[PDB]
Amino acid sequence: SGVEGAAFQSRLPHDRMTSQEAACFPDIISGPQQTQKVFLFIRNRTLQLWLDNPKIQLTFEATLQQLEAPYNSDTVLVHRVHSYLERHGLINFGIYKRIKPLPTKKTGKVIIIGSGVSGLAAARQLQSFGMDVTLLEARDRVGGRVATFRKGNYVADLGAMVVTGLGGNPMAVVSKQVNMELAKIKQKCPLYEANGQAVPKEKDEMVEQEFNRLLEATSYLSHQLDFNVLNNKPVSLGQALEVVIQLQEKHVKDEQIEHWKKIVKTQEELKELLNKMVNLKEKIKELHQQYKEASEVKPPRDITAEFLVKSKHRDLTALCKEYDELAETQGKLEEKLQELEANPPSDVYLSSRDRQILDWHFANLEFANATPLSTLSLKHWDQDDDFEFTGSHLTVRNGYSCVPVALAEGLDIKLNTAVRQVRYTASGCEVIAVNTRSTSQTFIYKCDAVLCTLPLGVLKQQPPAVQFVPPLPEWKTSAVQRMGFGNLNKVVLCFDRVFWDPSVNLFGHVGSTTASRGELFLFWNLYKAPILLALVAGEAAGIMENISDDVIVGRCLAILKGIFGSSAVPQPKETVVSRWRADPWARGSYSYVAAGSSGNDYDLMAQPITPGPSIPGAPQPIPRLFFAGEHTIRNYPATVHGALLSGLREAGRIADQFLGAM
Amino acid sequence: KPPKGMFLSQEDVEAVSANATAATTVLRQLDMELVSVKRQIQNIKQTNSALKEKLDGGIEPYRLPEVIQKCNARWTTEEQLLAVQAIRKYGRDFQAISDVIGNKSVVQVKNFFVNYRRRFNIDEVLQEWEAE
Ligand SMILES: Cc1cc2nc3c(=O)[nH]c(=O)nc-3n(C[C@H](O)[C@H](O)[C@H](O)COP(=O)(O)OP(=O)(O)OC[C@H]3O[C@@H](n4cnc5c(N)ncnc54)[C@H](O)[C@@H]3O)c2cc1C
Ligand SMILES: CC(C)(O)Cc1ccc(-c2ccc(C(=O)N3CC[C@@H](N)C3)cc2-c2ccc(C#N)c(F)c2)c(F)c1
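Residues numbered from 1 in each chain as written, not as in the entry; some residues may be left out. Chains lettered and ligands numbered in written order. Heavy atoms only, no water. Residues with missing side-chain atoms left out of burial classes, pairs and counts.

This entry, as listed in the PDB, derives from X-ray crystallography and reports a resolution of 3.20 Å.

Here it is as structure tokens:
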């Protein structure tokens, strides 16, 4: 297909028109299928071109020069296609050489709040579109949650270090434009219990299988058995796990109960028998005497007492037939009681040494979702799973900040400018920021449109860091109450001495409690230099924000002493510590689908706001206030790509309102 | 539907999820019903173990050494008379009667019942077997 591989790489279906090309080719899609199949070629081709080299702008001339007829022919609709694609950031996004330099015919002022990837993406896009864009960032640097550390030759991302596959990832393109060295990450995760001695295969493997078995179990529990509201509260993922597990701890029991209750059916049968057998042995001891007695009466004899011997001799051989059957039929029953008493139903559901390792498999989950499983929606936590990329997960070896920074080249970024208030009305918008260094220094920005990349964390802040004037409508705010802003944090351990196993990327440590599963549950090297990251997840990470720096680097070194020995692990040349929920330009790490949220909230979060009319009776205005970043994009939350996609998007949306025609 | 080795009915589910406690009721009481059986097992293991002490002996001391008496159709007044008496202790049971006499086949014993039946009022020999 190859041209269809560009559709895939552009997250579009090569064989059908999207609900959204339909948007603005409602002619083509209303009409005949030849026209559609051509449309699609042009679309996919035009993409393939951009992709096949994305470090230079692809003009309309360029796309036509490169189309052979019969597609070469409809010169107007090739323009139509190239323009849709150009706007909506499918081509000519990120970082390119511009064949056509920036016309200084600038057209509309947009204030964008925040130099996060969401922001910078829309910013560059809007400026590519010819538009006055200015960016207002509270921080002293760009990138936000794309945050990289650097002291000397040490370098390490303190947020956002993975590329969750290149297969239809926009960042694929970006990473070509910025030449970031990405490196794969090797499968192998050695778990080390509280002592310091590895878990073996056998066990390790056993529990993964169980973990996975257990999750699938929740999914059934949800979709099929329909366990989606225990007592007018939505159901946590964690809740369903506790239930699933519990039913596995039931059963295991009833299994035993049915086995021993199978033994008694036996033991008690063999008793009903041992009685028939003892009482026969009585009728026999006795009847025998009588036949000794009557046989004693020596002959000649009359026939009544010949008959007495004769008859008693039959009757005694009857009973010994009988009793002998009963002692075949006895070992038949002491047979059954070897079989049963020998191999029994299983003792336990989970060892406390296992339920402990299982806790680490959950901590890993709490990490990637950046929240306690207590909080994830059961119906919806995995809703982003249909859209996961192809390709191996990779890590940014050279520090992910290179990307934000790249994006920021050639943009008006006011740093240390902390928006305090956003006012928006029919006629335009006023943004009131302050200088972060002196809070007293007050700034006012007037514009046609505000784009808000303020983090969900921040949006949730009470009382509010930023004030909307007029306030955001109940529906939007409600969405914010609902969604989940989560948390994780990181310890960055810089050494001189590569003491872990070089061929090993990452290795767990198993916490002694459930409550403590998050604490330094994983360690990661991925950097040229001798750096290990210590990751903190779950209910844990929330608390470890309080514990002092030295204290955390304590337990860091402790569990490295365990895993590797006091001989081997130096003190560290340099240390650093996430602590994201406390950072006030973040209030956490990333979104999640809290129980009681759905993916719809992510769409509500994207929906722009349109003010009331200036003079009552006036015509319905246009929308003034827009929203981007990772909390807006239901198909790619909590990612860099998702952010960048949200930005690409709002830019297109904004252009269509303020420049409509291309 | 659920993955292999995982157990879940709206029955078993709805019951670990009523009363906010009735999970640790159900799981942590079945093993009370389990201990109650593990003891009934023990009762019978002793109760039976006792009866197995009463059979040490077998019935070896009491086995009459059953020799084969080479069959016959010479129906002696000797055997004839045993037969009537056997009819009276037994009836129907052609086998026992032949087991007693020491030479018939339930053949030859089925043969007297009917054949010799004329002469030994075997009406009144089986009419006493319907009463004692
Ligand atoms: C620890 C961690 C690890 C992560 N790991 C990954 C990963 O491995 N892979 C992945 O794909 N994604 C990851 N993410 C997610 C990804 O980094 C973010 O989703 C992305 O940077 C979001 O960009 P954004 O533009 O939505 O918000 P942000 O990048 O936070 O930027 C928003 C900007 O708004 C600014 N701001 C906030 N308040 C104000 C104010 N009041 N006035 C003015 N400016 C303000 C902020 O300072 C910031 O610069 C991770 C996030 C975290 C926290
Ligand atoms: C699985 C293992 C060994 O524990 C290491 C590993 C690898 C990838 C991820 C991962 C997977 C999917 C995703 C990811 O795409 N999602 C789905 C959306 C959101 N729910 C997260 C993110 C990560 C990831 C998240 C946070 C950090 C940090 N810091 C990181 F480095 C990688 C992970 F969480 C952990």
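Past the structure itself, the notes keep going.
A. Quick peek at unusual backbone geometry. Residue and element names in this part refer to chain A. Residue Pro300 follows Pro299 across a cis peptide bond; omega there is 15°. Its place among the elements puts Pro300 in the loop between α9 (237-296) and α10 (303-342). Following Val469, the chain continues to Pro470 via a peptide bond in cis, the omega torsion being -5°. Tracing the sequence through the fold places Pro470 in the loop between β13 (467-469) and α14 (474-482). (Helix = DSSP H or I, 4+ residues; strand = E, 2+ residues; numbered from the N terminus.)

B. The interface of chain B and chain A, seen in detail. Taken together, the contact pairs 51 residues of chain B with 50 residues of chain A. Listed by contribution, the elements that provide at least two residues to the side of chain B that touches chain A are α1 (10-16), α2 (22-55), α3 (77-90) and α4 (94-101) of chain B. Sorting elements by how many residues they give to the side of chain B that touches chain A places α2(B) first, with 19 residues. In terms of residue class, the side of chain B that touches chain A is made up of 28 nonpolar, 8 polar and 15 charged. (Contact = heavy atoms within 4.5 Å. Nonpolar A, V, L, I, M, F, W, Y, C, P; charged D, E, K, R; others polar.)

C. Examining the domain arrangement of chain A more closely. Residues and elements named next belong to chain A. The domain boundaries assigned to chain A delineate domain 1 (4-87), domain 2 (109-139 + 401-480 + 597-658), domain 3 (148-194 + 486-577) and domain 4 (248-342). One C-alpha centre belongs to domain 1, the other to domain 3, and the line joining them spans 44 Å. The partner domain 3 presents 10 residues to the 7 residues of domain 1 that form the contact. Within the residue set of the side of domain 1 that touches domain 3, elements represented by two or more residues are α1 (4-9) and α3 (33-52). Residue composition of the side of domain 1 that touches domain 3, grouped by class: 4 nonpolar, 1 polar and 2 charged. (Domains from an automatic or database assignment.)

D. Highlighting the pairing of strand β4 (residues 154-157) of chain A. Residues and elements named next belong to chain A. Pairing between strand β3 (residues 148-151) and β4: 4 bridges, direction antiparallel. What sits directly across from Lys151, in β4, is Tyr154. The turn linking β3 back onto β4 is made up of 2 residues, and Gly152 within it adopts a positive phi angle of 45°. (Pairing = 2+ DSSP bridges.)

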